[PDB]
Number of protein chains: 2
Amino acid sequence: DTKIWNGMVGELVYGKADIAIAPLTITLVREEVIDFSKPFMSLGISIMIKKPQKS
Amino acid sequence: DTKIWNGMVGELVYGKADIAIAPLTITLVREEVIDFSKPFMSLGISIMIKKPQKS
């Protein structure tokens with residue numbers, strides 16, 4: 001609605017913060033306003049299930 | 001010895017090539033001379049063993 005970044009990006013875009021060292025997912029629209037470094041931690045959606053025991 | 005980049009980077013640094021779309025591992029010393037994009041394919045060292053035989 002306002003197209004105003006909240007959160008850490010709103011602290012980075014609006015001069016409130018100097019840098020971010022945080023679990024920030026690199027997306028397209030986030031690089032449109034700030035600059036990421038290269039990723040330090042690759043990840044993806046994973047399947048958490050119960051550890052099974054003796055059906 | 002010569003500190004001359006061979007390969008695709010030597011084609012990119014020395015103006016021979018315009019861009020690289022190739023399996024190029026992003027390292028520190030490679031970014032010291034050219035600019036990578038964000039990685040399109042995360043990977044790592046994997047363990048190839050024999051598939052369990054059907055004997």
# chains A, B, ... in the order shown; residues from 1 in each chain; ligands from 1
$ closest_atom_pairs --of "chain A" --to "chain B" --cutoff "10 Å" --atoms "only C-alpha atoms" --output "JSON lines"
{"residue": "A:26", "atom": "CA", "partner": "B:38", "partner_atom": "CA", "distance": 9.3}
{"residue": "A:36", "atom": "CA", "partner": "B:38", "partner_atom": "CA", "distance": 9.1}
{"residue": "A:37", "atom": "CA", "partner": "B:38", "partner_atom": "CA", "distance": 8.5}
{"residue": "A:38", "atom": "CA", "partner": "B:38", "partner_atom": "CA", "distance": 6.4}
{"residue": "A:39", "atom": "CA", "partner": "B:38", "partner_atom": "CA", "distance": 7.8}
{"residue": "A:41", "atom": "CA", "partner": "B:42", "partner_atom": "CA", "distance": 9.5}
{"residue": "A:42", "atom": "CA", "partner": "B:42", "partner_atom": "CA", "distance": 6.6}
{"residue": "A:43", "atom": "CA", "partner": "B:42", "partner_atom": "CA", "distance": 8.7}
$ write_last_selection --atoms "N, CA, C and O atoms" --output "mmCIF file, in the first residue's frame"
data_model
loop_
_atom_site.group_PDB
_atom_site.id
_atom_site.type_symbol
_atom_site.label_atom_id
_atom_site.label_comp_id
_atom_site.auth_asym_id
_atom_site.auth_seq_id
_atom_site.Cartn_x
_atom_site.Cartn_y
_atom_site.Cartn_z
ATOM 1 N N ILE A 26 17.925 -13.658 0.096
ATOM 2 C CA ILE A 26 18.203 -12.845 -1.079
ATOM 3 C C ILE A 26 17.103 -13.072 -2.103
ATOM 4 O O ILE A 26 16.961 -14.172 -2.646
ATOM 5 N N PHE A 36 23.108 -6.927 -1.808
ATOM 6 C CA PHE A 36 23.605 -8.090 -1.090
ATOM 7 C C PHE A 36 25.053 -8.370 -1.460
ATOM 8 O O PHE A 36 25.537 -7.961 -2.518
ATOM 9 N N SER A 37 25.742 -9.081 -0.578
ATOM 10 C CA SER A 37 26.993 -9.722 -0.946
ATOM 11 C C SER A 37 26.697 -11.080 -1.570
ATOM 12 O O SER A 37 25.543 -11.433 -1.823
ATOM 13 N N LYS A 38 27.751 -11.847 -1.820
ATOM 14 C CA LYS A 38 27.555 -13.230 -2.222
ATOM 15 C C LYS A 38 26.993 -14.022 -1.044
ATOM 16 O O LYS A 38 27.239 -13.664 0.113
ATOM 17 N N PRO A 39 26.190 -15.059 -1.296
ATOM 18 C CA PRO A 39 25.586 -15.803 -0.186
ATOM 19 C C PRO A 39 26.621 -16.597 0.593
ATOM 20 O O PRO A 39 27.516 -17.219 0.020
ATOM 21 N N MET A 41 25.434 -18.851 2.901
ATOM 22 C CA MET A 41 24.750 -20.053 3.346
ATOM 23 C C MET A 41 23.625 -20.411 2.390
ATOM 24 O O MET A 41 22.554 -19.800 2.422
ATOM 25 N N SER A 42 23.871 -21.396 1.536
ATOM 26 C CA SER A 42 22.826 -21.909 0.673
ATOM 27 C C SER A 42 21.848 -22.744 1.486
ATOM 28 O O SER A 42 22.223 -23.413 2.452
ATOM 29 N N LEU A 43 20.585 -22.708 1.077
ATOM 30 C CA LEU A 43 19.536 -23.424 1.790
ATOM 31 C C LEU A 43 18.361 -23.625 0.847
ATOM 32 O O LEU A 43 18.387 -23.211 -0.315
#
$ select_by_dssp --residues "chain A" --states "helix (DSSP H, G or I)" --output "count of residues only"
11
$ calpha_fit_and_write --fixed "chain A" --moving "chain B" --output "PDB file with C-alpha atoms, in the first residue's frame"
ATOM      1  CA  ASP B   1       0.153   0.238  -0.268  1.00  0.00           C
ATOM      2  CA  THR B   2       2.703   2.748   1.006  1.00  0.00           C
ATOM      3  CA  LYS B   3       5.525   0.876  -0.800  1.00  0.00           C
ATOM      4  CA  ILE B   4       7.585   1.419   2.348  1.00  0.00           C
ATOM      5  CA  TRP B   5      10.060  -1.252   3.369  1.00  0.00           C
ATOM      6  CA  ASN B   6       9.519  -2.413   6.922  1.00  0.00           C
ATOM      7  CA  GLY B   7      11.887  -4.563   8.957  1.00  0.00           C
ATOM      8  CA  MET B   8      15.638  -4.695   8.567  1.00  0.00           C
ATOM      9  CA  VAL B   9      15.519  -3.428   4.971  1.00  0.00           C
ATOM     10  CA  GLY B  10      13.547  -0.400   6.126  1.00  0.00           C
ATOM     11  CA  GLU B  11      16.296   0.056   8.689  1.00  0.00           C
ATOM     12  CA  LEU B  12      18.904  -0.298   5.923  1.00  0.00           C
ATOM     13  CA  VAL B  13      17.227   1.820   3.228  1.00  0.00           C
ATOM     14  CA  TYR B  14      16.179   4.675   5.510  1.00  0.00           C
ATOM     15  CA  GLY B  15      19.605   5.082   7.128  1.00  0.00           C
ATOM     16  CA  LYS B  16      18.525   3.606  10.468  1.00  0.00           C
ATOM     17  CA  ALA B  17      20.935   0.660  10.229  1.00  0.00           C
ATOM     18  CA  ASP B  18      24.515   0.507   8.998  1.00  0.00           C
ATOM     19  CA  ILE B  19      24.691  -3.165   7.950  1.00  0.00           C
ATOM     20  CA  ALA B  20      22.711  -6.405   8.281  1.00  0.00           C
ATOM     21  CA  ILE B  21      24.149  -9.732   9.437  1.00  0.00           C
ATOM     22  CA  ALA B  22      21.005 -11.829   9.541  1.00  0.00           C
ATOM     23  CA  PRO B  23      19.115 -14.665   7.828  1.00  0.00           C
ATOM     24  CA  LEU B  24      17.951 -12.483   4.959  1.00  0.00           C
ATOM     25  CA  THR B  25      16.730 -14.303   1.864  1.00  0.00           C
ATOM     26  CA  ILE B  26      18.236 -12.781  -1.269  1.00  0.00           C
ATOM     27  CA  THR B  27      15.388 -11.910  -3.627  1.00  0.00           C
ATOM     28  CA  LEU B  28      15.070  -9.713  -6.692  1.00  0.00           C
ATOM     29  CA  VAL B  29      13.066  -6.873  -5.129  1.00  0.00           C
ATOM     30  CA  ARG B  30      15.408  -6.646  -2.137  1.00  0.00           C
ATOM     31  CA  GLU B  31      18.445  -6.062  -4.369  1.00  0.00           C
ATOM     32  CA  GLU B  32      16.442  -3.308  -6.103  1.00  0.00           C
ATOM     33  CA  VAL B  33      16.953  -1.106  -3.021  1.00  0.00           C
ATOM     34  CA  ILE B  34      20.066  -2.466  -1.228  1.00  0.00           C
ATOM     35  CA  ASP B  35      23.150  -4.519  -2.039  1.00  0.00           C
ATOM     36  CA  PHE B  36      23.688  -8.097  -0.921  1.00  0.00           C
ATOM     37  CA  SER B  37      27.050  -9.775  -0.735  1.00  0.00           C
ATOM     38  CA  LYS B  38      27.615 -13.238  -2.128  1.00  0.00           C
ATOM     39  CA  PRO B  39      25.553 -15.863  -0.258  1.00  0.00           C
ATOM     40  CA  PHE B  40      27.199 -17.528   2.719  1.00  0.00           C
ATOM     41  CA  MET B  41      24.555 -20.237   3.077  1.00  0.00           C
ATOM     42  CA  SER B  42      22.698 -21.964   0.273  1.00  0.00           C
ATOM     43  CA  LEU B  43      19.357 -23.480   1.224  1.00  0.00           C
ATOM     44  CA  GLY B  44      15.951 -24.446  -0.088  1.00  0.00           C
ATOM     45  CA  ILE B  45      12.552 -25.746   0.876  1.00  0.00           C
ATOM     46  CA  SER B  46      12.930 -29.051   2.692  1.00  0.00           C
ATOM     47  CA  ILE B  47      10.524 -31.779   3.768  1.00  0.00           C
ATOM     48  CA  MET B  48      10.145 -32.214   7.517  1.00  0.00           C
ATOM     49  CA  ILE B  49       8.387 -35.477   8.359  1.00  0.00           C
ATOM     50  CA  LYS B  50       8.235 -37.565  11.511  1.00  0.00           C
ATOM     51  CA  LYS B  51      11.270 -39.524  12.312  1.00  0.00           C
ATOM     52  CA  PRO B  52      10.363 -43.252  12.158  1.00  0.00           C
ATOM     53  CA  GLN B  53       9.066 -44.159  15.583  1.00  0.00           C
ATOM     54  CA  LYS B  54      10.672 -46.671  17.929  1.00  0.00           C
ATOM     55  CA  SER B  55       7.512 -48.362  19.231  1.00  0.00           C
TER      56      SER B  55
END
$ decode --residues "range 28-40 of chain B" --atoms "N, CA, C and O atoms" --output "mmCIF file, in the first residue's frame"
data_model
loop_
_atom_site.group_PDB
_atom_site.id
_atom_site.type_symbol
_atom_site.label_atom_id
_atom_site.label_comp_id
_atom_site.auth_asym_id
_atom_site.auth_seq_id
_atom_site.Cartn_x
_atom_site.Cartn_y
_atom_site.Cartn_z
ATOM 1 N N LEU B 28 37.401 -16.382 -4.337
ATOM 2 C CA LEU B 28 37.803 -15.039 -3.937
ATOM 3 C C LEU B 28 38.669 -14.378 -4.997
ATOM 4 O O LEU B 28 38.421 -13.229 -5.379
ATOM 5 N N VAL B 29 39.689 -15.089 -5.483
ATOM 6 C CA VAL B 29 40.660 -14.501 -6.401
ATOM 7 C C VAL B 29 40.067 -14.243 -7.777
ATOM 8 O O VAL B 29 40.579 -13.396 -8.521
ATOM 9 N N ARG B 30 38.995 -14.941 -8.139
ATOM 10 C CA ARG B 30 38.323 -14.670 -9.401
ATOM 11 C C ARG B 30 37.504 -13.389 -9.348
ATOM 12 O O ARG B 30 37.445 -12.657 -10.338
ATOM 13 N N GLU B 31 36.904 -13.075 -8.198
ATOM 14 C CA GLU B 31 36.165 -11.822 -8.069
ATOM 15 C C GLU B 31 37.115 -10.628 -7.962
ATOM 16 O O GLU B 31 36.712 -9.483 -8.205
ATOM 17 N N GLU B 32 38.393 -10.883 -7.668
ATOM 18 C CA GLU B 32 39.383 -9.813 -7.604
ATOM 19 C C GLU B 32 39.644 -9.179 -8.967
ATOM 20 O O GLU B 32 40.151 -8.054 -9.035
ATOM 21 N N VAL B 33 39.313 -9.870 -10.055
ATOM 22 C CA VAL B 33 39.541 -9.340 -11.394
ATOM 23 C C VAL B 33 38.264 -9.156 -12.202
ATOM 24 O O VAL B 33 38.233 -8.274 -13.074
ATOM 25 N N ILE B 34 37.212 -9.942 -11.960
ATOM 26 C CA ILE B 34 35.956 -9.813 -12.690
ATOM 27 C C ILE B 34 34.812 -9.804 -11.691
ATOM 28 O O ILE B 34 35.014 -9.862 -10.478
ATOM 29 N N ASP B 35 33.594 -9.725 -12.212
ATOM 30 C CA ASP B 35 32.404 -9.617 -11.377
ATOM 31 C C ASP B 35 31.467 -10.782 -11.668
ATOM 32 O O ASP B 35 30.988 -10.942 -12.794
ATOM 33 N N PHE B 36 31.216 -11.598 -10.650
ATOM 34 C CA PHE B 36 30.190 -12.623 -10.748
ATOM 35 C C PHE B 36 28.814 -12.031 -10.489
ATOM 36 O O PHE B 36 28.674 -10.980 -9.859
ATOM 37 N N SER B 37 27.792 -12.719 -10.981
ATOM 38 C CA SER B 37 26.438 -12.480 -10.516
ATOM 39 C C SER B 37 26.183 -13.305 -9.260
ATOM 40 O O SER B 37 27.090 -13.931 -8.708
ATOM 41 N N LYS B 38 24.935 -13.305 -8.807
ATOM 42 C CA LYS B 38 24.557 -14.218 -7.742
ATOM 43 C C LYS B 38 24.588 -15.651 -8.272
ATOM 44 O O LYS B 38 24.395 -15.867 -9.474
ATOM 45 N N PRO B 39 24.885 -16.639 -7.426
ATOM 46 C CA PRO B 39 24.982 -18.017 -7.916
ATOM 47 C C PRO B 39 23.626 -18.569 -8.325
ATOM 48 O O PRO B 39 22.619 -18.365 -7.647
ATOM 49 N N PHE B 40 23.611 -19.263 -9.458
ATOM 50 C CA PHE B 40 22.416 -19.934 -9.939
ATOM 51 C C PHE B 40 22.369 -21.397 -9.537
ATOM 52 O O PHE B 40 21.334 -22.044 -9.721
#
